[PDB]
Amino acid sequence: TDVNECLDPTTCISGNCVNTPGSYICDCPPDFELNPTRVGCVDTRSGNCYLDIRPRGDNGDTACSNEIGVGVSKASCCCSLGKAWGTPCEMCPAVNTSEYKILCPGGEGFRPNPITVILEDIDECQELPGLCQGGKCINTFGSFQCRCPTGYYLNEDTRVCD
């Protein structure tokens, strides 16, 4: 007798479940690899996180700009305020696509732990310090705060206190 673990929608986080006699297999999507326990699929690559992109010059050598993080996972970037990542710099998946569902399984502000696939908070003050250039950054579960010192104001676009 065998249970088909795939009938539970949550089976194989960010991956495609294939039921076998006894247990099941997860078939990860490109750019993702199996986590140590084989219950989910994560993207372990590392890159820089950008705030703006746009065709601007097109593809070729280089593409993105206004860096806010260096050597971070693509989920920490895109599941947060990032808009582009890596080099070749790939653009971040639109929030309404299947790609975003796979990459940001818990939605905005969180990411699957690289080892357990359990969701956790993206601590923006540690990984994307470029989000509060010249201000006090206080991380929060699902977000973070940025306070500019007396006399300066947070420039929403460039993210620089003034």
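Start at 1 and count along the sequence shown; that's the residue number.
Enquirer: Among the other entries of this protein that model both neighbours of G109, is it absent from at least a third?
Expert: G109: modelled in every other compared entry.
Enquirer: Tell me whether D58 turns out to be unmodelled in at least a third of the other entries of this protein, restricted to those that model residues on both sides.
Expert: Yes.
Enquirer: Name the higher of the two by mean Cα B-factor in the PDB entry, 52-60 versus 34-42.
Expert: Mean B over CA atoms: larger for 52-60.
Enquirer: Please compare 2-10 with 153-161 and say which has the higher mean C-alpha temperature factor in the record.
Expert: Between 2-10 and 153-161, it is 153-161.
Enquirer: Which of these has the highest Cα B-factor in the record: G109, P114, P105, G130?
Expert: Comparing C-alpha B-factors across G109, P114, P105, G130, the top value belongs to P114.
Enquirer: Lowest, middle or highest third: which one holds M91 when the chain's residues are ordered by CA B-factor from the entry?
Expert: Its C-alpha B-factor, which the entry lists for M91, ranks in the highest third among residues of this chain.
Enquirer: Split the chain's modelled residues into thirds by Cα B-factor; is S23 in the lowest, middle or highest one?
Expert: For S23, whose C-alpha B-factor we compare with every modelled residue in the chain, the answer is the middle third.
Enquirer: Please place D123 in the lowest, middle or highest third of its chain by C-alpha B factor as given in the entry.
Expert: Middle third by C-alpha B-factor.
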